[PDB]
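FYI, side chains are in, hydrogens and waters are out, and symmetry mates aren't considered; it's all heavy atoms of this structure. Note on naming: letters A, B, ... go to the chains in the order of the sequence lines (proteins, then strands), and numbering restarts at 1 for each one.
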Amino acid sequence: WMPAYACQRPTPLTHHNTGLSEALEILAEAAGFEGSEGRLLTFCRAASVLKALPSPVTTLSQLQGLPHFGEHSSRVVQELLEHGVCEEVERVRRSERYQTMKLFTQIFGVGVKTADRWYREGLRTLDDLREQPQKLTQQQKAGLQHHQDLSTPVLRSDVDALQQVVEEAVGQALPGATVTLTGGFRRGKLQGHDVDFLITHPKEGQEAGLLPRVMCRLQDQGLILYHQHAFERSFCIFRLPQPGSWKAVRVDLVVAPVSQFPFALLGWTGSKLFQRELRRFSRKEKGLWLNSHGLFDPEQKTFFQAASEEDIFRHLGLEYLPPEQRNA
DNA sequence: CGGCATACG
DNA sequence: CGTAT
DNA sequence: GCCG
Ligand SMILES: [Mg+2]
Ligand SMILES: [Mg+2]
Ligand code: NA
């Protein structure tokens, strides 16, 4: 009764197995810090299965037959059910390796590979990094300078104000262009780590060259604390007003032609695991290649036209899920 | 055993 | 290498 | 780590 792919089942934002899923996601995260992408995926998928269940798991036998639960994930749940704590998870939580890799990778501009190299070099704290700034990229310097603000959750109230200022710049850059809120906020989240916007124009081709024009206008308004600058994705740090002051917020802007908009909307609305699972399903079950630009039939050498996300779910033979049920 | 999503800056 | 869902 |  539980499908194996996350894109085959509704996953709401809030659910009935929060503690169990959080523990499995610690193990997934730790696996990623060690470069074990397969184990990360299994632990993520097992966590996501629990998010999709209609009620709390209370007994080990209720895991029988659930996809992605084998010996290891089942033992984690067993210990949580019997003792309220899983020793492996707590050992990860406490470990110097986990805590430092988490600290470093949550810096904008630092990935697993950089964090691991720093860790092996003996570095452990943000002030350790600040002491040797000549070794930092410009992006990393911005991520470290703004780290405290970027660690503060963005609220849904922040988003409306941001969208208005982005729309103002977009309308001067290209009248008629539109701004759509994507990412976690479109899936119903009340907070987030950043704000994701997708920009298009109803006349195919008019969006070409748009993002530089948008960025130059936002920068002229004094709103851009950091950006990387032809391009179509911008990973920015914005200045957001606050009472008597302001705070730094991560904002991502993406431009797509209207022909690709349903694919870009689907991709950028996520969740990350949902999209990985959807692309895996498309290729492995349907023989079609999915990305944020389109859906390709490699036998006919043709792209599927889509006018809506609904079209895309139909072309993959999947029941439609609204964004609020893509919280895999 | 192979496979694990797929892009752009 | 980083970034995005 | 788990699936097919
Ligand atoms: Mg986001
Ligand atoms: Mg983002
Ligand atoms: Na990072």
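Between the CG atom of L150(A) and the P atom of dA4(C) there is a distance of 11 Å, rounded to whole Å. Between the CD atom of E71(A) and the P atom of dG1(D) there is a distance of 9 Å, given to the nearest Å. Summarising the geometry, the separation between CZ on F197(A) and P on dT3(C) is reported as 21 Å, rounded to the nearest angstrom. When the P atom of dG1(D) is taken as reference, atom CD of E34(A) falls 13 Å away, rounded to whole Å. Taking atom CZ of residue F69(A) and atom P of nucleotide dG1(D), one finds them 14 Å apart after rounding to whole Å. Taking atom CG of residue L24(A) and atom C1' of nucleotide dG1(D), one finds them 11 Å apart after rounding to whole Å. Rounded to an integer number of Å, the gap from CG of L198(A) to P of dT5(C) is 13 Å. Taking atom CG of residue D194(A) and atom P of nucleotide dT3(C), one finds them 12 Å apart after rounding to whole Å.
Residue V110(A) is in sugar-phosphate contact alone, with no base atom involved, counting any heavy-atom pair closer than 4.0 Å across all strands shown. Nucleic acid contact for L253(A): none, since no nucleic acid atom lies under 4.0 Å from a heavy atom of the residue. Using a 4.0 Å heavy-atom distance criterion, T114(A) is classed as a sugar-phosphate-only contact. Across all strands shown, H227(A) has no heavy atoms under 4.0 Å from either base or sugar-phosphate atoms. Among the heavy atoms of the strands, none lies under 4.0 Å from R186(A). Across all strands, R326(A) comes closer than 4.0 Å to no nucleic acid atom at all (heavy-atom distances). Backbone-only contact: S73(A) has heavy atoms under 4.0 Å from sugar-phosphate atoms and none from a base.
Ring centers of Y98(A) and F33(A): under 6.0 Å apart, within the cut-off. Ring-centre distance between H315(A) and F304(A): below the 6.0 Å cut-off.
Side-chain contact between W289(A) and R279(A) is absent, with no heavy-atom pair separated by less than 4.5 Å. Proximity of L63(A) to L50(A): side-chain heavy atoms (C-beta onward) are separated by under 4.5 Å at one or more points.
The P atoms of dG4(D) and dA5(B) are separated by 15 Å, rounded to the nearest whole Å.
Between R75(A) and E71(A), none of the side-chain N atoms (NZ, or NE/NH1/NH2) sits under 4.0 Å from a carboxylate O, so this pair counts as no salt bridge. Salt-bridge annotation for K284(A) and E277(A): absent, with no side-chain N of the basic residue lying under 4.0 Å from a carboxylate O of the acidic one.
For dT5(C), the OP1/OP2 oxygens have no side-chain nitrogen or oxygen of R187(A) closer than 4.0 Å. Contact between the side-chain N/O atoms of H68(A) and the OP1/OP2 oxygens of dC2(D) is not found at any separation under 4.0 Å.
Side-chain proximity of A4(A) to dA4(C), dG1(D), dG4(D): nearest is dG4(D).
Sorted by first then second residue, the ring-ring contact (aromatic ring centres under 6.0 Å, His included) pairs that include residues 205-249 of chain A, not counting sequence neighbours, are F108(A)-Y226(A), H229(A)-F231(A).
Applying side chain to side chain donor-acceptor pair (under 3.5 Å) to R186(A) and the options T180(A), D196(A), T269(A) leaves one that passes, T269(A).
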Let me have a per-nucleotide readout for nucleotides 4-9 of chain B, 5' to 3', with B, S or -, counting only protein heavy atoms under 4.0 Å.
BBBBSS
